[PDB]
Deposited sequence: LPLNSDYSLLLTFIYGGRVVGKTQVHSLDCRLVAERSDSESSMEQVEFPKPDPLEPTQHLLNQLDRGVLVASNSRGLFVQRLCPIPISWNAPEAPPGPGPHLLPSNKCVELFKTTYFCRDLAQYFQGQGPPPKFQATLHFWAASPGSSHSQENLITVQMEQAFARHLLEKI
């Protein structure tokens, strides 16, 4: 794990099985919002892609309000849900459960970790385990309940190490 490691966030917005945008966010933090607010916030704000057809996605984005907070640093990915829209998620650190894993309001959730990625990666190259996973998908729901929006997340250093072989 060199110092020159690219922990930048790589977002991928999906609306109903269609990739509607990609965004690299070189900041430690960002907030995913429908439309950027006029305020002096130390944290960057990343707008969702504006739906061209306008429905049913637009009705869903207009309920985000506070939106979603994502932190992409040296220790991995962290998220906090501030919106009333339900959010499920799948990531390497998801627990072993039958049903869906839902982001709780007012609780910072650890999605991805670099420590265990390096550990499980060193074990594969040597040959004592499977290769590590890194994508941290997020699924938004809307009213019956349909997964209209999907957001994938990953760090640049992760895919670069694996795709070599």
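A.B. asks: In sequence order, what intervals of the deposited sequence carry no C-alpha positions?
C.D. replies: According to the deposited record, C-alpha coordinates are absent only for 144 to 149, which is the whole missing part.
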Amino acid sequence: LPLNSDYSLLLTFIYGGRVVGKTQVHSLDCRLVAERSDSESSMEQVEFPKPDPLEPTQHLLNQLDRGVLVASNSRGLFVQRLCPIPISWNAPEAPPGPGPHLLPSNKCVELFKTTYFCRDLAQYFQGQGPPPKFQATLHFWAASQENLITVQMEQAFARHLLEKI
From here on, numbers count along this sequence of modelled residues.
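A.B. asks: For the higher mean C-alpha B factor in the entry, choose 25 to 33 or 118 to 126.
C.D. replies: The stretch with the larger average C-alpha B-factor is 118 to 126.
A.B. asks: Of 130 to 138 and 109 to 117, which one has the bigger average CA B-factor?
C.D. replies: Higher mean C-alpha B-factor: 130 to 138.
A.B. asks: In the PDB entry, which of 46, 103, 54, 64 has its C-alpha at the highest B-factor?
C.D. replies: Result of the comparison over 46, 103, 54, 64: 54.
A.B. asks: Comparing residue 145 with the other modelled residues of its chain, is its CA B-factor in the lowest, middle or highest third?
C.D. replies: CA B-factor rank for residue 145: highest third.
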